[PDB]
């Protein structure tokens, strides 16, 4: 392939907000990078910094033995595969798909890559572009173990704290989507609180300064609730579901009187009421897991 500082070639397909930064990060670490994007405008800055732009997705695939996909979704990578010569030889090449998509997409893609004699790793980026290259940054991976481990050092340029979740190409997606269900539900909750605080004359900077109290409590609460769910041990001596409900009905009242949105609080109260309906009123809040299952 070649190098420069004796590093192998990598290809990046998709140069949006995330893909462009994957390419730049590899270039800056001394990797040869071939890029491809549906629209060529996005490649100009990368080309000026030493990337090669491929005219066709096929040429980007041909250029490297490590092919990183970061398009809007897995479905559009299926369309890219469909426009390849069916006999394009991907022997010795590892496709790493970092695009958001369904387990059905992953299954279809793994099959098509296998038909080309390629190796397939599914992946999920657990950060915003600004944190790519971070020692603490996580990308999730699942699929061909030999292929992942062969490219592990290269992929570590993008994220210093990767997690290999197992050999099943479909393992990454459900975990990835579950962690982002948590992340964005929690981020909406934070906004919902920041808006209530603001309505009471607490600046967003002052609410930011207090937020770690609750981030620390949530780190501990997740540990606590996970250990209880593992043990099916929902004894209510810390706090009952019923007391959680009485308290959060006061939070709702405050949101309604502030004319602040309360969709996140409505969601939590609905899960509480599920648990009460199931006779879990006296139990620990961890019992919501069983009521929700």
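Numbering follows the first chain given and starts at 1.
Engineer: Give the stretch, out of 229-237 and 63-71, with the larger mean C-alpha temperature factor in the deposited entry.
Structural biologist: Between 63-71 and 229-237, it is 229-237 that shows the higher mean C-alpha B-factor.
Engineer: So, looking at the entry's B-factor column for Cα atoms, which has the higher mean, 81-89 or 215-223?
Structural biologist: Mean B over CA atoms: larger for 81-89.
Engineer: Based on what the PDB entry reports, which of 29, 53, 246, 251 has the top C-alpha B-factor?
Structural biologist: Max CA B-factor in the entry, restricted to 29, 53, 246, 251: 29.
Engineer: Out of 13, 22, 274, 285, which shows the largest CA B-factor listed in the entry?
Structural biologist: Out of 13, 22, 274, 285, the record gives the largest C-alpha B-factor to 274.
Engineer: Is residue 45 in the lowest, middle or highest third of its chain when residues are ranked by C-alpha B-factor?
Structural biologist: Highest third of the chain for residue 45's C-alpha B-factor.
Engineer: Among the chain's modelled residues, which third holds the C-alpha B-factor of residue 135?
Structural biologist: Its C-alpha B-factor belongs to the highest third of this chain's values.
Engineer: Would you please rank residue 199 by its C-alpha temperature factor against the other modelled residues of its chain and give the third it falls in: lowest, middle or highest?
Structural biologist: Tercile = highest for this residue's CA B-factor.
Engineer: Based on the deposited C-alpha B factors for this chain, I'd like to know if residue 94 is in the lowest, middle or highest third.
Structural biologist: Answer is lowest: the recorded C-alpha B-factor places it there.
Engineer: Could you place residue 39 in the lowest, middle or highest third of its chain by Cα temperature factor, using the values in the record?
Structural biologist: Highest third.
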